[PDB]
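Report on one structure; see the data block that follows.
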Amino acid sequence: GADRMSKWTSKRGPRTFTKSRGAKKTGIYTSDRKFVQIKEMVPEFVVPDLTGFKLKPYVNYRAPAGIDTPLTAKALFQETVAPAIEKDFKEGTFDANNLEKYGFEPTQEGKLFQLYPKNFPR
Amino acid sequence: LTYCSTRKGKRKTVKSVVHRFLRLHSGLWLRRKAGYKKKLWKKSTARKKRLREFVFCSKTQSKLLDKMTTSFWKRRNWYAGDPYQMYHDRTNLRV
Amino acid sequence: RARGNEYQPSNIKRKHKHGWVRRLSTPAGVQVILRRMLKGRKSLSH
Amino acid sequence: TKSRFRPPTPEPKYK
Amino acid sequence: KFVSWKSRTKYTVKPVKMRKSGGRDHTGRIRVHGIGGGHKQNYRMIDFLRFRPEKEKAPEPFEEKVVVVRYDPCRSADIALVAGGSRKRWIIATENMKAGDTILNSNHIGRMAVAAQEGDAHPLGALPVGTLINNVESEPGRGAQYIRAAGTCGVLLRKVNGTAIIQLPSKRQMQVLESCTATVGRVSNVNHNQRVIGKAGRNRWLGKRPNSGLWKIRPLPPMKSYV
Amino acid sequence: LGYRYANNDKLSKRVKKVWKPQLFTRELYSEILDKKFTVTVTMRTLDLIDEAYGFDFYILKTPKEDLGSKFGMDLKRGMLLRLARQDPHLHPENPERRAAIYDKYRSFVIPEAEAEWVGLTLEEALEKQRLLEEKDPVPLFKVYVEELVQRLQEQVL
RNA sequence: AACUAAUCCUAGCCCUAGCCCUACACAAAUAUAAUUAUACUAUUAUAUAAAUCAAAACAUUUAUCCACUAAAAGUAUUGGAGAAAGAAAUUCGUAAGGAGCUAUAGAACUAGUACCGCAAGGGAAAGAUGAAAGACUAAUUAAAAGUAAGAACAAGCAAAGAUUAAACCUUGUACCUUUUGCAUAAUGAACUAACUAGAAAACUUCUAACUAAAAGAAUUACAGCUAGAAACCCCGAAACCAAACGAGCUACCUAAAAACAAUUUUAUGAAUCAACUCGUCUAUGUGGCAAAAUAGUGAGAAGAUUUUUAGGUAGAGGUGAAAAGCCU
RNA sequence: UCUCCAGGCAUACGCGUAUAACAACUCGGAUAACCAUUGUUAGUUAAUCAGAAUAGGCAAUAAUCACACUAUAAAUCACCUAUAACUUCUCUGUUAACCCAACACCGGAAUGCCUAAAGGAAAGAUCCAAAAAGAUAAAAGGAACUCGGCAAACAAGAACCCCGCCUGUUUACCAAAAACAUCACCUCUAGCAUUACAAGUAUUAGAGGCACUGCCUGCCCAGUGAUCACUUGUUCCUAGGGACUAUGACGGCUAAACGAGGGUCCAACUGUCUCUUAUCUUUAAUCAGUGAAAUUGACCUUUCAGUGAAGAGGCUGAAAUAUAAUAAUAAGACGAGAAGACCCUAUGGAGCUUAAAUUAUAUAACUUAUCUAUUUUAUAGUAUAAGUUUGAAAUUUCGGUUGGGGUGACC
Ligand SMILES: [Mg+2]
Ligand SMILES: [Mg+2]
Ligand SMILES: [Mg+2]
Ligand SMILES: [Mg+2]
Ligand SMILES: [Mg+2]
Ligand SMILES: [Mg+2]
Ligand SMILES: [Mg+2]
Ligand SMILES: [Mg+2]
Ligand SMILES: [Mg+2]
Ligand SMILES: [Mg+2]
Ligand SMILES: [Mg+2]
Ligand SMILES: [Mg+2]
Ligand SMILES: [Mg+2]
Ligand SMILES: [Mg+2]
Ligand SMILES: [Mg+2]
Ligand SMILES: [Mg+2]
Ligand SMILES: [Mg+2]
Ligand SMILES: [Mg+2]
Ligand SMILES: [Mg+2]
Ligand SMILES: [Mg+2]
Ligand SMILES: [Mg+2]
Ligand SMILES: [Mg+2]
Ligand SMILES: [Mg+2]
Ligand SMILES: [Mg+2]
Ligand SMILES: [Mg+2]
Ligand SMILES: [Mg+2]
Ligand SMILES: [Mg+2]
Ligand SMILES: [Mg+2]
Ligand SMILES: [Mg+2]
Ligand SMILES: [Mg+2]
Ligand SMILES: [Mg+2]
Ligand SMILES: [Mg+2]
Ligand SMILES: [Mg+2]
Ligand SMILES: [Mg+2]
Ligand SMILES: [Mg+2]
Ligand SMILES: [Mg+2]
Ligand SMILES: [Mg+2]
Ligand SMILES: [Mg+2]
Ligand SMILES: [Mg+2]
Ligand SMILES: [Mg+2]
Ligand SMILES: [Mg+2]
Ligand SMILES: [Mg+2]
Ligand SMILES: [Mg+2]
Ligand SMILES: [Mg+2]
Ligand SMILES: [Mg+2]
Ligand SMILES: [Mg+2]
Ligand SMILES: [Mg+2]
Ligand SMILES: [Mg+2]
Ligand SMILES: [Mg+2]
Numbered sequence: 014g015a016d017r018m019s020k021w022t023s024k025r026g027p028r029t030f031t032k033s034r035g036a037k038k039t040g041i042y043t044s045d046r047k048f049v050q051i052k053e054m055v056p057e058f059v060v061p062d063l064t065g066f067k068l069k070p071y072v073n074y075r076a077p078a079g080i081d082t083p084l085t086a087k088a089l090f091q092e093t094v095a096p097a098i099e100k101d102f103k104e105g106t107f108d109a110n111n112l113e114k115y116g117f118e119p120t121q122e123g124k125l126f127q128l129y130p131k132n133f134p135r
Numbered sequence: 094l095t096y097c098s099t100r101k102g103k104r105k106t107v108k109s110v111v112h113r114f115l116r117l118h119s120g121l122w123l124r125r126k127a128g129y130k131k132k133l134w135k136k137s138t139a140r141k142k143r144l145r146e147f148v149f150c151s152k153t154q155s156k157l158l159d160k161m162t163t164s165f166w167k168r169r170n171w172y173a174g175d176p177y178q179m180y181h182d183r184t185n186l187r188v
Numbered sequence: 047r048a049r050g051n052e053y054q055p056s057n058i059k060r061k062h063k064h065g066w067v068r069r070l071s072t073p074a075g076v077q078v079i080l081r082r083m084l085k086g087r088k089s090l091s092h
Numbered sequence: 040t041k042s043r044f045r046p047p048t049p050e051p052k053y054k
Numbered sequence: 062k063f064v065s066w067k068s069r070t071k072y073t074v075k076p077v078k079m080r081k082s083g084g085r086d087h088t089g090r091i092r093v094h095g096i097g098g099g100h101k102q103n104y105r106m107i108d109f110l111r112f113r114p115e116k117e118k119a120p121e122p123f124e125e126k127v128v129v130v131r132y133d134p135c136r137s138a139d140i141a142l143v144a145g146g147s148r149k150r151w152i153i154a155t156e157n158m159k160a161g162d163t164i165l166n167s168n169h170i171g172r173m174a175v176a177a178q179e180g181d182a183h184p185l186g187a188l189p190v191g192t193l194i195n196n197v198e199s200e201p202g203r204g205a206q207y208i209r210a211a212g213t214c215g216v217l218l219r220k221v222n223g224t225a226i227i228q229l230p231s232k233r234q235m236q237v238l239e240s241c242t243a244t245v246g247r248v249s250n251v252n253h254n255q256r257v258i259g260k261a262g263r264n265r266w267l268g269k270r271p272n273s274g275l276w286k287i288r289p290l291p292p293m294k295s296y297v
Numbered sequence: 087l088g089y090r091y092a093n094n095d096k097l098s099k100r101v102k103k104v105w106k107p108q109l110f111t112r113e114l115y116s117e118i119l120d121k122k123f124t125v126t127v128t129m130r131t132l133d134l135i136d137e138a139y140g141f142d143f144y145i146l147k148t149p150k151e152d153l154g155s156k157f158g159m160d161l162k163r164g165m166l167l168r169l170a171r172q173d174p175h176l177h178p179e180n181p182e183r184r185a186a187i188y189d190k191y192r193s194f195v196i197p198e199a200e201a202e203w204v205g206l207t208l209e210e211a212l213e214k215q216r217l218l219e220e221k222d223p224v225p226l227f228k229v230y231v232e233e234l235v236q237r238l239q240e241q242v243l
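Residue numbers (PDB author numbering), protein chains in the order written: chain 9, 14 to 135; chain 3, 94 to 188; chain 2, 47 to 92; chain d, 40 to 54; chain D, 62 to 276, 286 to 297; chain X, 87 to 243.
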């Protein structure tokens with residue numbers, strides 16, 4: 014006679030049964046049943062200063078939209094790194110070892126914002 | 094009787110008939126006399142003489158055996174020196 | 047006496063007996079799940 | 040004795 | 062699922078909480094009938110290897126003091142806490158044992174038999190033939206497994222060529238080596254047989270459940295006629 | 087695992103019967119491996135080893151099927167790899183002894199690459215292949231750099 | 001002169017043919033009591049399929065169940081030599097459609113959903129306007145049973161011969177199955193709509209083609225041989241075996257717990273008697289309030305007591321203060 | 001505001017929006033008003049209520065007001081030694097008349113506190129019929145009723161027989177007992193350890209039987225001499241010679257006590273009865289709303305005699321006879337329902353019992369082998385095979401004729 018089709022949540026079951034609704038944990042439970050919040054585990058919203066901002070939620074109809082071109086890795090490379098290498102190649106001051114000079118990162122370890130695996134949320 | 098066998102879908106011969114009766118192509122069937130090898134010491138000489146003979150079958154018995162045997166056992170067999178050569182045909186019978 | 051009230055609901059009893067973890071414990075229970083997935087059932091277990 | 044029943048379908052007829 | 066309560070690795074005098082099995086196996090099926098229920102009981106670990114030297118102590122005869130003679134619910138006989146050196150242990154108590162008495166545990170084997178007071182462990186060879194003994198063991202260093210029930214005693218019938226014959230309480234005669242150590246005297250609670258239960262509910266206290274209500287030779291072929 | 091007729095007549099009852107091998111545990115020494123293994127072995131294998139004039143000969147000669155054991159197949163790979171590589175680990179500091187063993191079993195020498203894939207199951211072979219072909223993705227940065235350098239170099243040429 | 005209703009056509013489906021696959025679904029969560037962001041206790045199919053059934057029983061045995069077409073051939077062989085089973089050698093081969101279904105049909109399917117069972121699991125029903133509803137949702141039909149419009153008028157298997165006349169007069173022992181070839185018996189049917197049960201070619205007969213030969217390879221033949229047409233139902237047990245699923249009811253046990261006023265005895269499976277547990281008797285009820293209750297009356301009520309929570313024992317078994325009692 | 005009834009507020013398990021207002025008046029409430037129904041909008045706010053670091057060392061002394069007092073069934077992390085870390089508020093539960101019983105079911109449902117301060121309404125309007133159900137009252141009599149003092153009573157007292165010793169337990173939903181358990185008594189089995197028994201060891205553990213308790217009481221107890229010799233007995237060697245032999249499977253019964261046990265008897269008591277009546281509630285009947293079930297070949301559905309299969313609304317011969325409703329009775333319709341009963345059949349089953357037939361690596365055993373140790377053949381064992389011996393079990397079966405049955409028989 015139990016309803017099998019309804020979702021299993023903490024409102025149901027005895028007192029002992031509990032579970033989260035998806036809220037991210039922000040602290041630790043120490044011995045003796047004491048909660049110790051950790052400030053670093055609490056997200057902090059980085060909010061910019063909007064003074065002098067010239068952009069509003071809606072855009073004018075008169076303004077014409079452009080052609081959609083999903084950005085690709087090749088396109089970014091040509092814009093940023095290709096010109097430096099091209100000029101350097103003419104000057105001859107280019108070597109395989111110093112690709113980092115143009116911005117190459119050998120490993121993501123040591124970066125605050127690791128590209129992969131991502132260590133930063135949206 | 095197996096009227097339709099699984100592997101081939103054909104009628105199956107009963108081998109109890111093949112080992113007891115002989116069919117002549119005309120349609121007659123031959124058989125032995127039951128007990129011709131049994132307790133011969135107490136049978137009369139005339140009694141034993143009858144048993145040794147080969148006997149024919151009736152229309153019903155012949156009809157039965159024809160249902161329990163397949164056409165292969167109803168064909169013409171050209172055996173050289175066959176001791177039943179002359180008996181496969183009926184002659185001077187009006188009926 | 048008066049029958050008909052055999053079902054004495056307890057969520058701890060229910061989930062232990064016919065729950066997901068209980069079913070997966072044995073291959074005979076996992077084959078219960080496997081058939082239910084084949085049929086198309088809304089709920090595979092409790 | 041046996042037992043079986045049928046549902047009272049909502050049957051909205053507004054077409 | 063079924064994990065026996067007997068999981069304590071280290072000896073301690075403190076009573077250990079018990080779990081009864083109701084007769085059920087580790088599979089949950091009854092392997093012995095009539096067992097179930099009764100008062101909650103605490104196990105008191107008993108040392109039957111009387112001559113056990115203390116840590117970093119020479120293996121020589123030593124004495125110990127009988128602190129108290131307690132009642133053990135897990136045995137017919139009554140245990141007695143014995144304190145010696147820097148350790149405390151529970152041992153089975155003899156009939157006349159009293160608190161404050163000193164008992165002797167002696168591995169030393171004497172060529173000449175010496176009269177031994179009740180409760181002092183001595184090798185069977187040391188004991189003169191005919192002395193009442195208890196807590197006898199099959200092999201030296203195996204603990205006691207015979208004559209450890211309330212009021213039981215054993216007789217040292219014969220010592221020959223380093224072999225001792227002991228008449229067990231059932232009158233079975235068992236041979237062991239004279240090296241085996243058995244303390245003198247009968248076990249305590251001699252009057253265990255004289256008790257009267259009186260009421261059915263009393264046996265239900267002890268854990269003995271009621272019995273069920275369910276209520286030959288082959289003659290040889292020649293003998294079938296006469297029967 | 088089969089059935090028998092009680093009293094060996096087909097007119098009696100059909101009774102389940104299982105026939106078991108008289109397993110024995112013995113110790114065997116492998117010259118190529120220079121190690122002694124303890125294995126459960128039937129009297130049939132002992133005769134086969136004797137007819138093969140040595141434990142090492144028995145393992146190498148017997149095909150995969152006749153051997154009928156995964157443990158034996160691993161021994162086959164180990165012995166074959168030992169001979170294939172002429173590993174100096176066999177009887178170190180005694181080169182004379184090592185040469186004798188290798189020469190005695192020289193007939194079974196096979197290429198090293200083939201020896202590795204001996205006795206492996208499909209899953210183990212699949213795992214071996216996956217590990218060999220595992221590689222972290224090449225950064226596109228480098229890939230574009232190679233293409234750019236080649237194009238620039240060709241243009242200058 | 002109409003209510004209840006009826007009419008309807010495409011939703012999908014079925015069997016083939018062709019074809020291995022490369023439909024593995026942002027982000028987040030899930031093996032914890034799944035769908036709970038992080039450490040604790042770690043994680044692993046199965047020894048031979050049985051039986052039903054057939055042998056008019058049953059005990060050896062019993063096609064499929066459990067390796068290319070056709071031929072050899074239902075032959076050799078095997079078999080309580082019974083029912084039955086059954087080769088090979090050796091020959092031969094280049095291989096998108098519907099005299100199907102159309103809403104009780106075709107798949108169970110609008111859906112593995114609702115609903116039912118603790119679980120394994122079982123399992124539905126139905127829809128209908130037109131080109132346009134940004135044209136006030138059409139039509140279409142004395143048409144089923146059932147009613148209404150319109151209750152009835154001595155007398156009788158309800159009708160038939162009749163008749164000027166609906167009824168009066170004359171004649172007349174419902175139907176099927178079933179028993180003997182008899183029923184005033186005995187079974188079955190309130191009525192309507194739809195659905196709902198004879199199937200195979202050895203021998204025979206009939207009709208043709210060619211004819212000592214017939215047949216599009218292997219077959220048969222002392223008029224045969226080849227082809228055609230022509231045949232043998234439905235529903236229903238008690239059971240048996242395999243594998244899952246069940247001890248939230250109930251029997252028993254483990255662990256952690258809780259309840260017991262007042263009175264008299266004493267120091268208790270003792271006494272009076274509530275809560276509470278039980279269920280001797282009578283009455284009512286009997287499709288009941290109830291698939292075991294209600295009203296009274298009774299038994300125990302500090303104990304072998306009652307109750308609560310979680311866990312364990314599972315069918316060739318479990319449990320049993322033995323009633324062959326219990327195990328939803 | 002009035003009349004009357006007397007389990008209520010929280011908690012847990014459970015349930016899952018049934019909570020609350022508004023709006024509707026199709027559906028649900030078994031009828032209405034009103035909503036528990038439909039749609040929309042809302043809602044339950046916790047650092048206190050509730051739920052969710054490591055390695056060692058070591059504990060004899062219940063509870064009950066714990067003092068006295070005894071008893072027996074023997075009974076709840078802490079504190080130390082060191083290492084590591086040095087200032088925190090997140091997450092989840094919170095509503096309701098609620099759950100298990102197909103139902104807004106006279107049933108089931110644990111704990112805390114309290115017994116009205118909390119919670120509720122037996123009658124929709126009518127009416128006074130029979131029958132039926134419940135309550136109260138009774139002239140005289142007092143069990144004359146009846147299978148029986150069943151039920152009832154202004155009574156609830158006394159003794160007896162039988163059976164079981166007592167308390168206790170059992171067929172959930174027809175038997176609560178005389179049956180099962182039970183203490184005590186008796187019999188059989190086992191000399192022992194790291195998962196039941198059991199962390200136990202013959203005064204113990206398993207298995208089974210039986211009320212115990214003093215008293216009568218079974219047999220069994222070589223014979224004669226007299227702790228002694230012969231005759232016996234038992235064995236060998238050949239009818240001889242040696243050798244050896246120093247009360248327990250049964251009754252009465254205590255005997256008292258106790259019993260929702262089975263029978264009786266006296267006393268009181270009574271509407272049980274002679275002999276029935278009166279009032280009230282319920283039900284009924286009437287008005288209003290709502291709306292089942294078994295059943296049903298068709299029916300324009302009569303009486304008597306005859307016939308018939310213990311049989312006739314319907315056939316045969318007479319007779320009777322305007323049509324319909326409402327409320328009553330239960331003679332007939334072999335009246336309707338049930339998994340009830342009875343005798344017989346089936347080469348239909350299933351449970352139990354073995355002196356049935358066929359098997360039987362459950363177990364135990366031993367034998368020869370294999371095989372490893374050992375000693376020159378030898379005694380040990382055994383990841384096995386082949387036998388022999390028990391049988392825990394599995395499988396299958398219930399011939400025919402004798403008016404039923406056991407015995408005879410017969411085919
Ligand atoms: Mg139910
Ligand atoms: Mg319950
Ligand atoms: Mg008994
Ligand atoms: Mg068989
Ligand atoms: Mg058969
Ligand atoms: Mg039969
Ligand atoms: Mg359909
Ligand atoms: Mg369907
Ligand atoms: Mg009509
Ligand atoms: Mg007429
Ligand atoms: Mg009918
Ligand atoms: Mg049938
Ligand atoms: Mg439980
Ligand atoms: Mg019980
Ligand atoms: Mg009290
Ligand atoms: Mg009861
Ligand atoms: Mg009482
Ligand atoms: Mg009493
Ligand atoms: Mg009492
Ligand atoms: Mg009985
Ligand atoms: Mg059931
Ligand atoms: Mg509300
Ligand atoms: Mg309102
Ligand atoms: Mg109702
Ligand atoms: Mg609402
Ligand atoms: Mg709190
Ligand atoms: Mg609340
Ligand atoms: Mg009212
Ligand atoms: Mg009234
Ligand atoms: Mg009265
Ligand atoms: Mg009166
Ligand atoms: Mg009387
Ligand atoms: Mg009475
Ligand atoms: Mg009694
Ligand atoms: Mg009693
Ligand atoms: Mg009963
Ligand atoms: Mg009782
Ligand atoms: Mg009763
Ligand atoms: Mg009684
Ligand atoms: Mg009187
Ligand atoms: Mg009426
Ligand atoms: Mg009315
Ligand atoms: Mg009429
Ligand atoms: Mg009439
Ligand atoms: Mg009449
Ligand atoms: Mg009549
Ligand atoms: Mg008449
Ligand atoms: Mg009547
Ligand atoms: Mg059978």
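For each residue, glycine too, the CB sits at the ideal point set by N, CA and C.
| query | result |
| --- | --- |
| Beta-ladder partner(s) of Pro289 (chain D), from DSSP | Beta-bridge pairing links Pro289 (chain D) to no other residue. |
| Rounded distance between the beta-carbons of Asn103 (chain D) and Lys78 (chain D), thought under 8 angstroms | 6 angstroms |
| Near-chain 9 residues of the region 47-58 of chain 2 - C-beta to any C-beta below 7 angstroms | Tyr53, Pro55, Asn57, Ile58 |
| Element boundaries [beta strand (DSSP E), containing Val49 (chain 9)] | 47-50 |
| Reduced DSSP secondary structure (H/G/I, E/B, other) of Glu124 (chain D) | strand |
| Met179 (chain 3) burial status per 10 Å Cβ neighbour count (16 or more: buried) | exposed |
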